[PDB]
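A closer look at the structure
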Amino acid sequence: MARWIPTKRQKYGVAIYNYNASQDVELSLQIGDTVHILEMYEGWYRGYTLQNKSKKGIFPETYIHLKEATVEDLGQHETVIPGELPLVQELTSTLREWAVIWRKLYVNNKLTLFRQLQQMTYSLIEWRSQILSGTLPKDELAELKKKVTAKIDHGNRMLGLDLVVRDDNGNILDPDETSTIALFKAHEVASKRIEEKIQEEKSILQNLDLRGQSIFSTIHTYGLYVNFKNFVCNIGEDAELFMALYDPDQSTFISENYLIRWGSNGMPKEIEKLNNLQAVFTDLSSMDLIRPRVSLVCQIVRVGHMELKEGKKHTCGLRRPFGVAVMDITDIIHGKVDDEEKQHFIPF
Amino acid sequence: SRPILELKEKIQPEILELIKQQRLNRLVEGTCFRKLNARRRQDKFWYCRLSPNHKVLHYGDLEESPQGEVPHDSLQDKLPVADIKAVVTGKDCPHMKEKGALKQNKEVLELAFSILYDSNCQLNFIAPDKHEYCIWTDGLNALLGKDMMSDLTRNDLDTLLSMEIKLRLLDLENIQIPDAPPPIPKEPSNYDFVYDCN
Amino acid sequence: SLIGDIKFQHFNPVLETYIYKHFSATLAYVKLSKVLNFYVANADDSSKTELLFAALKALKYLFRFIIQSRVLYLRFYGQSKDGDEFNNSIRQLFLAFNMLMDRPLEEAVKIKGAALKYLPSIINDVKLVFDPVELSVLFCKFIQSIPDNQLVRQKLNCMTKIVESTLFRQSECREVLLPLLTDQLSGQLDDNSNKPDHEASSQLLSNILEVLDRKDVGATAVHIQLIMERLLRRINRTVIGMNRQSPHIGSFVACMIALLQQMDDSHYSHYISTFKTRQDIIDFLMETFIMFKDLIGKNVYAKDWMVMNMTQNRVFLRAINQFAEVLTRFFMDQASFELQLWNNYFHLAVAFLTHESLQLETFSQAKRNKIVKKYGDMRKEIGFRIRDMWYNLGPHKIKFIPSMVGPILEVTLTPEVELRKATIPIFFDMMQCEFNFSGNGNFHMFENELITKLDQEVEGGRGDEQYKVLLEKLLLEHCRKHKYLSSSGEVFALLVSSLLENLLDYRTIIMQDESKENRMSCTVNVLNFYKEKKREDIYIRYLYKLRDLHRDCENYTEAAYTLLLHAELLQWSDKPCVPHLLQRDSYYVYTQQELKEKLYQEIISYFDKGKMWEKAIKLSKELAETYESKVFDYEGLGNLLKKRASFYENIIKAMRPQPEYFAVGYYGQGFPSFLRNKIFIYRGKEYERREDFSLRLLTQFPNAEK
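Residues numbered from 1 in each chain as written, not as in the entry; some residues may be left out. Chains lettered and ligands numbered in written order. Part of a larger assembly, values for the part shown. Heavy atoms only, no water.

In its metadata, the entry names cryo-EM as the structure determination method and reports 3.8 Å as the resolution.

The helix and strand tally for chain A stands at 5 helices and 9 strands. Put simply, chain A runs from its N terminus to its C terminus through helices and strands in the order β-β-β-α-α-α-α-β-β-β-β-β-β-α. Taking 2.2 N^0.38 as the reference for a compact globule, 348 residues should give roughly 20 Å; the C-alpha atoms of chain A span a radius of gyration of 30 Å, well beyond that estimate. Along the longest, intermediate and shortest principal axes, the C-alpha atoms of chain A span 100 × 45 × 40 Å. Residues counted as buried form 39% of the 348 residues belonging to chain A. Summed over its atoms, the accessible surface of chain A is roughly 20,200 Å², and 57% of this surface lies on carbon and sulfur atoms. Each charge sign in chain A was given a centre, from 42 positive and 48 negative side chains, and these centres are 5 Å apart. (Helix = DSSP H or I, 4+ residues; strand = E, 2+ residues; numbered from the N terminus. Rg over C-alpha atoms; globule rule 2.2 N^0.38 Å. Buried < 20%, exposed > 50% of the residue type's maximum accessible area, 1.4 Å probe, protein only. Areas by Shrake-Rupley, 256 points an atom, 1.4 Å probe, with all protein chains shown as cover. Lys, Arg positive; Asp, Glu negative; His and termini not counted. Charge placed at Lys NZ, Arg CZ, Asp CG, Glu CD.)

Attention shifts here to the sheet that holds strand β6 (residues 258-264) of chain A. All names here are of chain A. The strand order across the open sheet formed by 4 strands is β7-β6-β8-β9, and the pairing between neighbours is antiparallel. Where the open sheet ends on each side, the last strands, each with one partner, are β7 (269-272) and β9 (317-319). If you compare each strand with its neighbour and ignore which way they point, the axes differ by 25° on average. For strand β8 (residues 303-309) and β9, the ladder comprises 3 bridges, and the chain directions are antiparallel. Bridged to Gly304 within β9 is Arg319. (Pairing = 2+ DSSP bridges. Axes fitted to C-alpha atoms, helices over the stretch in contact; angles between N-to-C directions.)

Residue and element names in this part refer to chain C. Together, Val14, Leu15, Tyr18, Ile19, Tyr20 and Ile66 line one region of the surface with nonpolar side chains, adding up to about 640 Å² of accessible area. No other element matches the 4 residues that helix α2 (residues 14-19) contributes to the nonpolar patch. Its place among the elements puts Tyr20 in the loop between α2 and α3 (27-38). By relative accessible area, which is 55% here, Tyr20 ends up exposed. (Patch = residues over 30% accessible without salt bridge, like charges linked within 9 Å, V, L, I, M, F, W, Y side chains within 5 Å. Salt bridge = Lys/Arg side-chain N within 4 Å of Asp/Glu carboxyl O.)

This brings us to the interface of chain A and chain C. Taken together, the contact pairs 17 residues of chain A with 24 residues of chain C. Counting the surface lost from both chain A and chain C, the interface buries some 1,900 Å², and carbon and sulfur atoms represent 63% of this. One can count 3 salt bridges joining chain A with chain C. A salt bridge links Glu210 of chain C to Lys185 of chain A, with the shortest nitrogen-to-oxygen separation between them at 2.7 Å. For the pair chain A and chain C, the interface holds 5 residue pairs in polar contact. (Contact = heavy atoms within 4.5 Å. Buried area = accessible area lost by both parts, 1.4 Å probe. Polar contact = N/O pair within 3.5 Å; in protein donor to acceptor, adjacent residues only side chain to side chain.)

It is worth spelling out the interface of chain B and chain A at this point. In this complex, chain B contributes 40 residues to the contact, which on the side of chain A involves 46 residues. Of all residues in chain B, the largest losses of buried area upon contact with chain A belong to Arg168, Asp171 and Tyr195 of chain B, amounting jointly to 18% of the total for that side. The interface formed by chain B and chain A includes 2 salt bridges. Taking the shortest distance from any N to any O, the salt bridge between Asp33 of chain A and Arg168 of chain B comes out at 2.2 Å. Here chain B and chain A share 14 residue pairs in polar contact between them. Each residue belonging to the side of chain B that touches chain A can be placed in one class, and the counts come to 22 nonpolar, 6 polar and 12 charged. (Nonpolar A, V, L, I, M, F, W, Y, C, P; charged D, E, K, R; others polar.)

Residues and elements named next belong to chain C. Side chains of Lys609, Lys611, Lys653 and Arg656 sit close together on the surface and give a patch of like positive charge. Structurally, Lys609 is set in helix α31 (residues 592-609). With relative accessibility at 54%, the residue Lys609 sits in the exposed group.

A few words now on the packing of helix α6 (residues 85-102) of chain C against helix α9 (residues 131-144) of chain C. Residues and elements named next belong to chain C. Put simply, α6 and α9 touch, their axes get as near as 10 Å, and they point 10° apart. Our classification of the angle between α6 and α9 gives roughly parallel. Contacts from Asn87, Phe94, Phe97, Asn98 and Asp102 in α6 reach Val133, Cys140, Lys141 and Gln144 in α9. In terms of residue class, the contact of α6 with α9 is made up of 4 nonpolar, 3 polar and 2 charged. (Parallel < 35°, antiparallel > 145°, perpendicular 65-115°, else oblique.)

Here you go:
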């Protein structure tokens, strides 16, 4: 234990598994035991373990990962992307305080926020592990930066904790005490986010998860999916008319509504139709027609399918002789008359 | 995750101790308990509240309190646990083995736990359903310095310990975790600190 | 509003400006548009030909000033210089501003007045050439609408949009523009019309300070000095006038903070400290200090904003440090006398130092490190400042010790080791001063308030064991350095140590045990402590504490017997000899007579309801005797003798139980210092069963054996 030299290339002195206690200092070291080392040797780094920063621990290099990185990650170009890795270090600190959050949340039962906390912290670690790799496009990184700081200060909110500023480039360049009225306006922006988020979290999390399908009280348009179809066919013309009129009554943040339909005769799909694009809409009314050509003799059995499109499947619709509860009526009304346009009411 | 789970199962100390200390608090906070065989103008709600010193239980025959527990000195204020044998569970109840008029219902078989003491008398309690029955059996076996026997205990145990490992894998990510024990290359013999300590 | 980018890219038409010619004599269009604006002054034709161009014609002139103007002046007018005529044409535009928008119009002056000072700021930014003529026409815009007393907060918005841009070519515009800014803010100071423009002036002061701060845009030191010298008194008087907490006071305190941070000592001390006669600068520093203290105590933010709160703390450090430099170099012995605004200064000092301590310093194990790296241990600097100040005030402390020992323990009590380590010896400073005043008295005047305040604070729950050891060490060491009066200080430090020991025992037991019996034993222990050490007023304070414990346990007999331990001290006389006998629950005159009258009435009531009538009689006799021989309140004798008759009737008539007496031997050593190996012969209760009592005394301790 001689030739010990100061260094600063040891900020990430990282273990592997339970280290063994051949020396009196060490114990069964956990997975993530960073060591703020103060002395250097060829294959053995003894330095301040984070668990007890006043107790030395002597640790082999074959247990340490050589990590030249500092808390700053742009000096050595260590940022896999510039201006971000400050986020990962502050997220690790925020998890280090999530340590005591879980440690103390059991002595007493506030289990509702804790269940949604299990959900939200699973989500948080999910985003962190995604952003471990820099394969994401930069706009994904900006959005992830925003949402990570949102979760962090939302935790700081319900715990009665301090606040965070400079929602960009690592939450650093504003809190670096560079000015003061920029500081006051940033604090006002952040606490306005607090007020917005507290009112909205109260509103959704309490009323809008109960004001809905479970409670008979009046609500807005939600996941009771309602869409209207107008199917026509003429015997002589041997053509098929299809009105994707309008599909109102959509659910939460109904993304990029668009509609589809296939002309399917068997397992493979023969023909398809394309319709225009529009943005987020609760009540979207394209009312567009594309006509597939099928004759009466082949009209006895086909696959008339349609599906509202968001990015996640809202539902599926398949109107054909082997129908179910709410499309047999439209089947009978479409087959009874071959001339007029009949508007139908149907859930999926 | 074989070395990971081996680490997880190797380090018990903190996790189960603190669980039992929350369980002590659960016994302390108290609730409305249940008696035996109340049909002819007999009460059905009472309390057996632990001391904040976690040694003695205040209990006895109490009233119909819609709010819950009544803080005061009750009928039977002592339950000494320096000498308790055990708390039998299942069909080992000298009160559930009645053969005359105090026979117990079959559907309430999952409320069975008897704090046996004095080797001749019994204090026999009844729970509403399974979960908090297992909660008080957690408390009871925690009064013995032994293992826990609750469904809630296994659920919390797994989520907690998995989370703790999950909250430990932070500094290793992007890099694999070797399982083979890394060597111990030789060291200098002298304690000569070239760099000053502290 | 809805397209957003591309047709909006046509809205700022780089397509039109760079694709097309734009090489015409559009200055004719400029003059004729001046005509359009002014000569068409009318009801409806004007109301459209003006109001439908918010800026858009001159918003195209925004790009014109280069692409049309300069290119026509270069390709075509490069040898036929014209670049100064438009100064004449647009200054006649300005003349028809002056006249028409001030003198003859008188209806749309509300609307046009709001709408034509809306224009120019929009269209003057890109016009950066001819920066002297900019200065001239801008001060002319200052001249034009010296308005009637309507604060429609629109001219201020024009000031905002003026100071926003064009301040990159700052060295010319800033100093020629600020005069009207400062004049109108000073008008906003007090004219019984602040309320419309509080928000406007907040927005203003904020944006002006933010743009001034900008590091590379333009040099600002001397202009910061003139901002200093013509606005600090007015903004501190703004928080005089906006002193209410309900308004957007936060924004103004923020502007105050930014202004106070940006200037330095070389900026501060020159002239705000060097104004007129001393009384009216004393009033200024009094205003400044008391409003720093009223902002710091009862803080203005939401106590969740650690960052800005600490920044406010640091800028207030700078402000108090500069305004303390001025105090040192102006109001010390250099000044004549009346140096008791240092009272306000130290009040603010301590009130500043009494938050951001180890609780929310340690809430995370790295919170201490965060705040001591970024902002440093602020408390350490505040304390070191206060200690050097207490070494500085020098010979004239004696005029200030008895009023100041109170708040200084609020810094000595601070947990952190170094701050304390530096802070203690000021007590020896006070005893040194009073030794120099020992010709008439001793340092008991310090010692008395030290004991009182130390008691209230320690019982409050601040000190600790390290605190007592360090206080003992430091105080003894300091009082080794001085004459025999400091040997007396040594023994009195021994007294202080014992007081700390007893109070910390009480302190741990009160909350560690929760057994009213142990509460009672320990509080009676400290009561006996004060009785032996003879500190009457605190003795009474804890005596009423004991009475509170009993009255909530309704040990009526014991509550009364204690209250009588109080009432014994008093006398039946007339003059209130000592004012210390007034409780904190109510405090006014009460000569001794009516005090014991209330005391004995309550004591009798307690003994009455507590079924101990022999004593209640024995005291009603003393009442009646003093009444009918000293005050002749014969209604008092009436109802009093009535009550005594009831007492005697009760003693004979009914019958009351006999308490059972046990005898408890708390044997062993694992017991505290006061219960160890001696028998407590508990009085019991009416029909207590030895099992019940030994059960309760099982509950009183761990290790319930027999």
